[PDB]
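Trainee: Let's see this in three dimensions:
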Amino acid sequence: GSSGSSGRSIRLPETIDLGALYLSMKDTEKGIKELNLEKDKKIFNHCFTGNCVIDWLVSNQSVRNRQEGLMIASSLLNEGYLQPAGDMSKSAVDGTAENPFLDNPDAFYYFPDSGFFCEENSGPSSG
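Mentor: Residues are numbered from 1 along each chain as shown. Next up is the structure itself:
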């Protein structure tokens, strides 16, 4: 255990700790549910959509509304708690945007701990 906060103002909710939050999402029943979708000829396993993440925070009484979860969800991607999956969010976390999160149902995300494995789905060719 080690504490010692510093600074004039605090953007993030001092009453919360990203680290502790990410743990709640790791839960099977008290965490964010994942799925198996295929994009850009690639089936990402153990991947969840954006919206799901945002809501998951609201339902857990972590935020007041979606927008509110935008910060918590965005920070998770800045620290590493969340990993982008798809040229969609990927282009964001790389682009010049205060928040890498897209709070969109088309944006996928995976945990750095969850057994994430991407499989390239080949296509039917001729000859």
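Trainee: Mind telling me which residue is nearest the centre of this structure?
Mentor: Nearest residue to the geometric centre of the chain (Cα atoms, centre = their mean): residue 82, 4.1 Å.
Trainee: Could you find the closest non-adjacent residue to it?
Mentor: Once flanking residues are discounted, residue 82 sits nearest to residue 76: 4.2 Å by Cβ to Cβ, 6 or more residues apart in numbering. For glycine as for every other residue, the C-beta is placed from the backbone atoms N, C-alpha and C.
Trainee: Tell me how many other residues crowd the one you found.
Mentor: Applying other Cβ atoms under 10 Å, we find 24 residues neighbouring residue 76.
Trainee: Phi first, then psi, for it.
Mentor: In terms of degrees, to the nearest 10, the main-chain angles of residue 76 are phi -50, psi -30.
Trainee: distance of it from residue 103?
Mentor: Using Cβ to Cβ, to the nearest Å, we find residue 76 at a distance of 12 Å from residue 103.
Trainee: and residue 15, helix, strand or coil?
Mentor: Each residue gets one of three states, and residue 15 gets coil by DSSP: H, G, I helix; E, B strand; the rest coil.
Trainee: isn't residue 121 right up against residue 37?
Mentor: No. Contact criterion Cβ atoms under 8 Å: residue 121 and residue 37 do not qualify, at 11.2 Å.
Trainee: quick one: common contacting residues for these two?
Mentor: residue 43 (Cβ atoms under 8 Å, 6 or more residues apart in numbering).
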